[PDB]
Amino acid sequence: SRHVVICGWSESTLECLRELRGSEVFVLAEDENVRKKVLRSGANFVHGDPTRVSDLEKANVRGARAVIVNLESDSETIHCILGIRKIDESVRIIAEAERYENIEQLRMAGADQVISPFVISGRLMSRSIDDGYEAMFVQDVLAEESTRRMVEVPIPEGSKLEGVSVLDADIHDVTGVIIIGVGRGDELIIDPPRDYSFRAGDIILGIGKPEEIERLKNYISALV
């Protein structure tokens, strides 16, 4: 699709870039020492201040499919988001929050989604006091090398599942895929109730093996 712009550089962006290999990514940062790592990761480097409108334009934010924002502090991240919104009101903005208390301000500035790595981290650590299964779960289903992965499968128009409940769909027994959620618009229902009825456009959030995932895609396709 369209290129992705990343504003700022942290240790998050390095791991982000690694997963986005094969997509057109522009990294806008003012730290020149980072240029070589950016190129090594397969991305393009654009030197400038992401809180400056003219530099966001240089990165072609107005033609991006999304902008990911993670500057050194939350106030700078907010400043950058405000600059993006002056240029492009509709472009999807994903931002990293440093502090929990600032999340609402990141949204208010214009972020469509906020990710708080240190909230996630602190919560996983406190939950790892006796055993690490919850932390193992989160880190395994996000890793590519895992046999069992977390995927999103959209329910197409004319799907065999349209109008069918979670209970009657019997997705785990039929396909081997665990439904952990169904999402639509900006809403996510985790562990949907048996009487939730699938709609075309619903996104199924599932966990399964690659062959289980294919069985799921076939099961929910339109009749032939």
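Numbering starts at 1 and follows the sequence shown.
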Which of 147 to 155 and 108 to 116 has higher mean CA B factor, as the PDB entry lists it: 147 to 155
Entry-level comparison of average CA B-factors, 138 to 146 and 67 to 75, reporting the higher stretch: 138 to 146
Highest recorded Cα temperature factor - choice among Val174, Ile178, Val27, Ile190: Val174
Among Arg85, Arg92, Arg127, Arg99 - the residue whose C-alpha B-factor is largest in the record: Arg99
Chain thirds of CA B-factor: placement of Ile220: middle
For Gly22, the third of its chain into which the C-alpha B factor falls: highest
Ranked C-alpha temperature factor of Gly183 among modelled chain residues, by third: lowest
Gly201 CA temperature factor, ranked by third within the chain: lowest
Third of the chain's Cα B-factor distribution that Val61 belongs to, per the entry: middle
